[PDB]
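A.B. asks: Sharing a structure below in structure tokens format, with a few things to ask.
Number of protein chains: 2
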Amino acid sequence: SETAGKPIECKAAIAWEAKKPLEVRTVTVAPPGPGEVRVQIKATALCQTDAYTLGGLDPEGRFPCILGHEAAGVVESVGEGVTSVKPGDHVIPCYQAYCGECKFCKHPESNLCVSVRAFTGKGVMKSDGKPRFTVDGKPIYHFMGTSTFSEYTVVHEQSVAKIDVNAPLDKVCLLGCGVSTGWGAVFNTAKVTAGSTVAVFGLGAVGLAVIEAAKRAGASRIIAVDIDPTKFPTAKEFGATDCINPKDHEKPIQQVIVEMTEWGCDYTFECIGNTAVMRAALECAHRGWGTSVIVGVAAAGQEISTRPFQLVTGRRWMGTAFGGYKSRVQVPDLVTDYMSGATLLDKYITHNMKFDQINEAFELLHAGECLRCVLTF
Amino acid sequence: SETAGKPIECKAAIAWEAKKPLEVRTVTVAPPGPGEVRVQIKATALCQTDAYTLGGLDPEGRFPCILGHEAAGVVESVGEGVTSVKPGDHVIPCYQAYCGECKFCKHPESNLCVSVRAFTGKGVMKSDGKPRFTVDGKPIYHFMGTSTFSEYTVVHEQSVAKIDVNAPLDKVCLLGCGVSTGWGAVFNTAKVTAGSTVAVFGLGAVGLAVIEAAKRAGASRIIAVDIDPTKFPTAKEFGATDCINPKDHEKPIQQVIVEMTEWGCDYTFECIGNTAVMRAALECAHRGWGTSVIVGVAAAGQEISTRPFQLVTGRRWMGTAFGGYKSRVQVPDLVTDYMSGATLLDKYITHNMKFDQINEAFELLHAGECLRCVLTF
Ligand SMILES: NC(=O)c1ccc[n+]([C@@H]2O[C@H](COP(=O)([O-])OP(=O)(O)OC[C@H]3O[C@@H](n4cnc5c(N)ncnc54)[C@H](O)[C@@H]3O)[C@@H](O)[C@H]2O)c1
Ligand SMILES: NC(=O)c1ccc[n+]([C@@H]2O[C@H](COP(=O)([O-])OP(=O)(O)OC[C@H]3O[C@@H](n4cnc5c(N)ncnc54)[C@H](O)[C@@H]3O)[C@@H](O)[C@H]2O)c1
Ligand SMILES: [Zn+2]
Ligand SMILES: [Zn+2]
Ligand SMILES: [Zn+2]
Ligand SMILES: [Zn+2]
Numbered sequence: 002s003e004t005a006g007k008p009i010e011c012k013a014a015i016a017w018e019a020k021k022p023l024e025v026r027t028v029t030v031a032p033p034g035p036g037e038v039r040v041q042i043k044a045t046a047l048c049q050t051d052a053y054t055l056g057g058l059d060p061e062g063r064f065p066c067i068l069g070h071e072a073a074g075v076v077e078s079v080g081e082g083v084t085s086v087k088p089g090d091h092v093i094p095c096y097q098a099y100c101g102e103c104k105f106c107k108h109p110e111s112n113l114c115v116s117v118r119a120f121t122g123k124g125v126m127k128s129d130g131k132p133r134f135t136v137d138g139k140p141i142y143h144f145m146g147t148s149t150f151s152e153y154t155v156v157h158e159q160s161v162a163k164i165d166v167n168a169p170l171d172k173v174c175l176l177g178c179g180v181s182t183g184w185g186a187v188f189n190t191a192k193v194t195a196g197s198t199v200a201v202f203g204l205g206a207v208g209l210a211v212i213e214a215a216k217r218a219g220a221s222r223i224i225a226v227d228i229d230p231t232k233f234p235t236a237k238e239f240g241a242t243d244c245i246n247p248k249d250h251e252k253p254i255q256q257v258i259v260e261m262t263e264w265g266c267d268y269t270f271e272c273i274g275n276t277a278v279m280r281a282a283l284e285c286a287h288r289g290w291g292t293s294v295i296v297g298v299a300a301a302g303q304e305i306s307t308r309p310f311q312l313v314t315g316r317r318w319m320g321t322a323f324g325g326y327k328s329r330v331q332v333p334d335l336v337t338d339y340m341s342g343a344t345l346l347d348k349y350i351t352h353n354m355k356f357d358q359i360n361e362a363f364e365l366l367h368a369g370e371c372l373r374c375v376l377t378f
Numbered sequence: 002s003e004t005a006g007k008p009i010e011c012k013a014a015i016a017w018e019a020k021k022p023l024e025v026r027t028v029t030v031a032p033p034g035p036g037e038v039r040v041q042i043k044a045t046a047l048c049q050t051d052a053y054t055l056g057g058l059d060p061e062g063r064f065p066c067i068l069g070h071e072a073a074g075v076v077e078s079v080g081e082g083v084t085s086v087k088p089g090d091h092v093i094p095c096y097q098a099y100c101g102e103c104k105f106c107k108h109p110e111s112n113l114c115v116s117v118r119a120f121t122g123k124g125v126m127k128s129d130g131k132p133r134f135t136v137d138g139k140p141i142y143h144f145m146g147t148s149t150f151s152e153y154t155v156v157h158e159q160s161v162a163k164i165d166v167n168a169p170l171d172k173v174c175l176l177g178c179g180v181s182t183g184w185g186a187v188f189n190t191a192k193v194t195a196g197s198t199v200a201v202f203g204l205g206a207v208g209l210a211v212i213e214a215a216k217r218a219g220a221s222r223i224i225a226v227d228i229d230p231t232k233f234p235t236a237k238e239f240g241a242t243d244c245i246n247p248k249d250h251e252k253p254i255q256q257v258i259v260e261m262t263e264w265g266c267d268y269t270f271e272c273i274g275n276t277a278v279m280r281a282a283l284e285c286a287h288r289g290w291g292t293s294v295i296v297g298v299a300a301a302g303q304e305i306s307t308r309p310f311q312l313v314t315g316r317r318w319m320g321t322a323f324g325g326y327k328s329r330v331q332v333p334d335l336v337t338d339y340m341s342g343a344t345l346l347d348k349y350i351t352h353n354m355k356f357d358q359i360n361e362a363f364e365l366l367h368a369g370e371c372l373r374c375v376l377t378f
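Right under this line is the structure:
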């Protein structure tokens, strides 16, 4: 390699402080250390988690940072000990890591690895506690263990899923978070049953992923709910048999859904991050056995509430992180399902744009006119 | 039978108004209308559910009425159409019905029959909207579908479980409420796996049934929590391995449990009815997969709260009504298990008194002098 062992200069989008546009300038990326992988991103998408940390909402937010966490790339070099991947391999960097040995990687019903989360959340690396980006000798900090807003990034060995070398990296960059989450929420968390009734709250990428997996699961009725009727026709494509605007009704949205279905829906998914809607989705879960899965991320410190009656009479409140998928073992599986023509992964992307335009991708987001925009360099 | 079709003059305990003593006088019990069943009560027990309504704290309350809902007895006569039982059958009248045909009886995960609840909730019979007790002509209303504080009572067919002729009626009366709830919380709602860790909050009858079942499910560790440490000996007898008093500790009780285990207990049970503890029980359920079952009924107007993060990071909130036991189907199955010699059911009875002393039995309940007090005629 020209590059291996050497630092690397490349074009990144740096966030200097919150609530403020991104600076597409140049960055130096250190060589990878023990148990690390330097990845060359080739495509990367925008997620609402990214705009949320840009808004000063994250308590653990650490500026300056390189945002970005939905991406695919190519291994460029690895540090010492790294036997899982080798330069040339095609990868998806995963904010949710996989160790194989900790308590949660072993339990069949979780994926909340504790391998490296102590450090990715502070923005640094495990080998020496310091980050790996630099701008004029001053450190830039990592976000969510990935930082896919640079041409090259360095990530923990536990965070790289190796994928089929023949998958289009400008499509499966979506499998690195948002779309996987909505899929797993149905398949792993809720385990949606054939013939069930589903109600999804919020028809963004995640929301539509839920609706997709719900059809693939045999849902006999999928109710979609958004305060944006211009999301309905795409939602009916992905499989929604019903579309509801809460503003079109007086009764609270929960009582509305309980009315169309008599008792509620077998499964309800909240893909917004609003605690009022969360409580609402629980309360239109079906009496006696309904499940509500909280998918979205709320403002830190904000609370959800309901009446204990809603659970003493049969509903179940749960959540999901990255759809419950065990990243490294199972993200290669999602690529495989993609490569068998089984998903609608292609329909999720609405805009391909170049990385110099990152800041206008954020304004196309903040207005909800796209679902997902893949950026290439 | 000398009493089929006639009214019966029997001894009973009438709640004339809230917050006064009951009156042990004679009452007139109509014969069973269609689909109804008249039952000679041979033993009956007290619950604090009876006290809370007698105390004037029920919004659903209706006076005068005849409380009592944990009993066992013998069919005296049956109304028109009734084939499931016959005179001489031994029965447990359950406050939770089983009709076999509503959409909750045909579902594996519920026991919340809707066939008669609209009429029992108002102390009447479904067949004509009216009660079946009278004094001097004026009507006395039912309680919970059962009204077991009377030598004879009239109940809905859907409410009558047919049990072994060899069970001692002065022990299985417990199976119509509190013990079943606690057991069913473990076996049906949580399904505690062998080897796992449990915390129980509240060491009354329900909480002890939770411990008992948790030991029998094979739980490696059972943590009992209560602010009255004088319940720790008996809790230990039922299979506990630790005892916590939240007042001994200078941090939130959910921190104590989460520190005694590394990440919380795999299952937690709230057996009090106190929404703050409800949240504590949820927040000390194991990260990633923990399950919290609300078993206690909160004061009306209270609300459970947590941060949505708690659910996203893998905890599941749920609850249970009568242990999710499909009453008429499975209460016979619990009576059979009892007689196999597999349960500690006899150990929940702390006193045996005469029906004339129902009021001293109610003063014992108010002080904790009493797990379950059983009355006979
Ligand atoms: N749990 C996880 O592992 C995980 C992973 C990825 C994303 N997320 C969270 O999922 C949420 C959604 O992800 P996205 O990328 O789909 O967001 P997105 O913003 O594309 O979708 C937002 C949708 O919410 C709708 N909405 C807003 N308020 C509403 C209301 N009151 N009633 C009905 N609809 C309403 C908007 O109209 C819009 O369509 C985000 O909060 C993100 O943080 C969670
Ligand atoms: N879900 C159902 O179908 C069903 C059926 C029957 C009863 N229940 C509910 O179960 C609950 C209890 O049943 P019981 O027979 O155990 O009642 P009980 O009153 O004997 O038990 C009360 C216990 O709670 C403990 N307690 C009170 N505040 C506490 C705190 N802050 N922290 C820790 N411990 C505390 C007391 O010390 C006492 O031991 C009731 O609220 C009742 O509504 C539910
Ligand atoms: Zn995301
Ligand atoms: Zn791990
Ligand atoms: Zn009771
Ligand atoms: Zn029914």
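Listed in order, the protein sequences are those of chains F and A.
In the deposited numbering, each number is its position in the first sequence, counted from 1, plus 1.
In the deposited numbering, each number is its position in the second sequence, counted from 1, plus 1.
Yeah, the Cβ is synthetic: ideal placement off N, Cα and C, and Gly gets one too.
Within 9 angstroms of any Cβ in chain A, is that where the Cβ of residue 379 of chain F sits?
C.D. replies: There is simply no residue 379 of chain F to check, as chain F begins at 2 and stops at 378 in what is shown.
A.B. asks: If you measure from each CB to the nearest heavy atom of ligand 2 and keep those under 6 angstroms, what residues do you get, in chain order?
C.D. replies: This selection yields F:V313, A:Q49, A:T50, A:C178, A:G179, A:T182, A:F202, A:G203, A:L204, A:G205, A:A206, A:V207, A:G208, A:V226, A:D227, A:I228, A:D229, A:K232, A:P247, A:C272, A:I273, A:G274, A:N275, A:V278, A:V296, A:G297, A:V298, A:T321, A:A322, A:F323.
A.B. asks: Taking buried to mean at least 16 other C-beta atoms within 10 Å of its own C-beta, is A:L58 buried or exposed?
C.D. replies: For the purposes of this step, residue 58 of chain A is taken as residue 57 along the second sequence, with counting starting at 1. The residue in question, A:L58, is exposed, as its Cβ has fewer than 16 Cβ neighbours within 10 Å.
A.B. asks: Please check if any C-beta of chain F sits within less than 9 angstroms of the C-beta of A:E263.
C.D. replies: What you label residue 263 of chain A is simply residue 262 of the second sequence in a count that begins at 1. Output row for A:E263: interface = yes.
A.B. asks: Return the chain-ordered list of same chain residues with a C-beta closer than 7 angstroms to the C-beta of F:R63, the five sequence neighbours on each side being excluded.
C.D. replies: Here residue 63 of chain F corresponds to residue number 62 of the first sequence, with the count starting at 1. For F:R63, where only same-chain residues beyond five positions count, the Cβ hits under 7 angstroms are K123, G124, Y142.
A.B. asks: Would you kindly report the start and end of the unbroken alpha helix (DSSP H) that includes F:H367?
C.D. replies: Translated into the one-based positions of the first sequence, residue 367 of chain F becomes position 366. Counting along the chain, the alpha helix (DSSP H) containing F:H367 begins and ends at 359-367.
A.B. asks: Under 9 angstroms Cβ-Cβ, which residues of chain F neighbour A:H108?
C.D. replies: In the second sequence, residue 108 of chain A corresponds to position 107, counting from 1. In chain order: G289, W290.
A.B. asks: Distance check for F:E77 and F:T4, CA to CA, integer angstroms please.
C.D. replies: Counting from one through the first sequence, the residue named residue 4 of chain F turns up at place 3. Counting from one through the first sequence, the residue named residue 77 of chain F turns up at place 76. About 8 angstroms.
A.B. asks: Do you know how far the Cα of A:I295 is from the Cα of A:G274?
C.D. replies: As a working note, residue 274 of chain A is residue 273 in the second sequence. As a working note, residue 295 of chain A is residue 294 in the second sequence. Answer to the nearest angstrom: the Cα atoms are 8 angstroms apart.
A.B. asks: Out of F:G177, F:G179, F:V156, which one is the CA nearest neighbour of F:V83?
C.D. replies: As a position in the first sequence, residue 83 of chain F is number 82, starting the count at 1. Out of F:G177, F:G179, F:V156, F:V156 has the C-alpha closest to the C-alpha of F:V83.
A.B. asks: Let me confirm a value: F:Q256 is counted as buried when at least 16 other C-beta atoms fall within 10 Å, else exposed. Which label applies?
C.D. replies: Mapped onto the first sequence, residue 256 of chain F falls at position 255. Exposed, since its Cβ has fewer than 16 Cβ neighbours within 10 Å.
A.B. asks: Starting from F:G185, follow the beta strand (DSSP E) in both directions and report where the run begins and ends.
C.D. replies: Within the first sequence, residue 185 of chain F is the residue found at index 184, counting from 1. No beta strand (DSSP E) contains F:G185, which is instead part of the alpha helix (DSSP H) from 179-185.
A.B. asks: Out of curiosity, what's the CA-to-CA distance linking A:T121 and A:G265?
C.D. replies: Residue 121 of chain A sits at position 120 when you count from the first residue of the second sequence. Residue 265 of chain A sits at position 264 when you count from the first residue of the second sequence. Near 40 angstroms, if we compare the C-alpha coordinates of A:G265 and A:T121.
A.B. asks: What residues match up with F:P94 in a beta bridge as DSSP calls it?
C.D. replies: Along the first sequence, one-based indexing puts residue 94 of chain F at 93. Partner(s): F:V161.
A.B. asks: Applying the criterion that 16 or more other CB atoms from any shown protein chain within 10 Å of the CB defines a buried residue, is F:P8 buried or exposed?
C.D. replies: The residue you call residue 8 of chain F lines up with position 7 of the first sequence. Counting Cβ neighbours within 10 Å, F:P8 comes out exposed, since fewer than 16 surround it.
A.B. asks: Taking 8 angstroms as the cut-off, is the CB of F:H70 close to at least one heavy atom of ligand 3?
C.D. replies: Here residue 70 of chain F refers to the residue found at position 69 of the first sequence. Because some heavy atom of ligand 3 lies under 8 angstroms away, the Cβ of F:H70 counts as near it: yes.
A.B. asks: Since I believe A:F150 is in contact with A:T45 (beta carbons under 8 angstroms), could you give me their beta-carbon distance rounded to a whole number of angstroms?
C.D. replies: Your numbering for residue 45 of chain A matches position 44 in the second sequence. Your numbering for residue 150 of chain A matches position 149 in the second sequence. With 8 angstroms as the limit, A:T45 and A:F150 qualify as a contact, their Cβ atoms being about 6 angstroms apart.
A.B. asks: Take F:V332 as the anchor and find which of F:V180, F:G219, F:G203 has the nearest alpha-carbon.
C.D. replies: Residue mapping note: residue 332 of chain F aligns to position 331 of the first sequence, counting from 1. Out of F:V180, F:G219, F:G203, F:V180 has the C-alpha closest to the C-alpha of F:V332.
A.B. asks: For a test of your reading of the model: does the CB of F:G289 fall under 8 angstroms from any non-hydrogen atom of ligand 6? Yes or no.
C.D. replies: Locating residue 289 of chain F in the first sequence gives position 288, where the first residue counts as 1. No, the Cβ of F:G289 stays beyond 8 angstroms of every heavy atom of ligand 6.
A.B. asks: Which bits of chain A does F:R308 rub up against, with CB to CB less than 7 angstroms?
C.D. replies: As a first step, residue 308 of chain F is located in the first sequence; it is residue number 307 there, counting from the start. Going along chain A in sequence order, the residues near F:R308 (Cβ under 7 angstroms) are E304.
A.B. asks: Beta carbon of F:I254: closer than 8 angstroms to some heavy atom of ligand 1?
C.D. replies: If you number the first sequence from 1, residue 254 of chain F lands on position 253. Because some heavy atom of ligand 1 lies under 8 angstroms away, the Cβ of F:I254 counts as near it: yes.
A.B. asks: Report yes if the C-beta distance between A:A98 and A:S148 is below 9 angstroms; otherwise report no.
C.D. replies: Here residue 98 of chain A corresponds to residue number 97 of the second sequence, with the count starting at 1. Here residue 148 of chain A corresponds to residue number 147 of the second sequence, with the count starting at 1. No, these two residues do not count as a Cβ contact at 9 angstroms.
A.B. asks: Quick check: the stretch 343-358 of chain A against the stretch 202-220 of chain A, are at least 3 beta-carbon pairs closer than 8 angstroms?
C.D. replies: Flag = yes, the stretch 202-220 of chain A and the stretch 343-358 of chain A touch.
A.B. asks: Taking only beta carbons into account, state which residues of the stretch 346-371 of chain F come closer than 9 angstroms to chain A, listed in chain order.
C.D. replies: Cβ contacts with chain A: none found.
A.B. asks: Tell me, which residues are paired with A:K139 by DSSP?
C.D. replies: Within the second sequence, numbered from 1, the residue matching residue 139 of chain A stands at position 138. The partner list for A:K139 (beta bridge, DSSP) reads A:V136.
A.B. asks: From F:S111 to A:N353, what does the alpha carbon distance come to, in whole angstroms?
C.D. replies: By 1-based counting over the first sequence, the position of residue 111 of chain F is 110. By 1-based counting over the second sequence, the position of residue 353 of chain A is 352. Approximately 49 angstroms, taken between the alpha carbons.
A.B. asks: So is F:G315 in contact with chain A if we call contact Cβ pairs under 9 angstroms?
C.D. replies: Numbered from its first residue, the first sequence carries residue 315 of chain F at position 314. Chain A contact via Cβ: present.
A.B. asks: When the Cβ atoms of the stretch 274-286 of chain F are set against those of the stretch 192-211 of chain F, are three or more pairs found closer than 8 angstroms?
C.D. replies: These segments touch.
A.B. asks: Mark A:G130 as exposed unless 16 or more other C-beta atoms lie within 10 angstroms of its C-beta, in which case mark it buried.
C.D. replies: The residue you call residue 130 of chain A lines up with position 129 of the second sequence. The residue is exposed, with fewer than 16 neighbouring Cβ atoms inside 10 Å.
A.B. asks: Please report the residue range of the alpha helix (DSSP H) in which A:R217 lies.
C.D. replies: Here residue 217 of chain A corresponds to residue number 216 of the second sequence, with the count starting at 1. Where A:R217 is concerned, the enclosing alpha helix (DSSP H) stretches over 206-218.
A.B. asks: Cβ atoms of A:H91 and A:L170: under 9 angstroms apart, would you say?
C.D. replies: Within the second sequence, numbered from 1, the residue matching residue 170 of chain A stands at position 169. Within the second sequence, numbered from 1, the residue matching residue 91 of chain A stands at position 90. Against a cut-off of 9 angstroms, the Cβ pair of A:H91 and A:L170 comes out as a contact.
A.B. asks: Between F:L372 and F:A362, which are expected to be in contact by the criterion C-beta below 8 angstroms, what is the C-beta distance as a whole number of angstroms?
C.D. replies: Stepping through the first sequence from its first residue, residue 372 of chain F is reached at position 371. Stepping through the first sequence from its first residue, residue 362 of chain F is reached at position 361. With 8 angstroms as the limit, F:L372 and F:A362 do not qualify as a contact, their Cβ atoms being about 12 angstroms apart.
A.B. asks: So A:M279 is in the alpha helix (DSSP H); what residue range does that whole segment cover?
C.D. replies: Position 278 of the second sequence, counted from the start, is the residue given in the question as residue 279 of chain A. Note, A:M279: alpha helix (DSSP H), 276-284.
A.B. asks: Which residues in chain F sit within 9 angstroms of A:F188, going by Cβ to Cβ distance?
C.D. replies: What you label residue 188 of chain A is simply residue 187 of the second sequence in a count that begins at 1. Within chain F, no residue comes near A:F188; the closest Cβ sits about 16 angstroms away, beyond 9 angstroms.
A.B. asks: With a threshold of 8 angstroms, establish whether the CB of F:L176 neighbours any heavy atom of ligand 1.
C.D. replies: Reading the first sequence from its first residue, position 175 is the one you call residue 176 of chain F. No.
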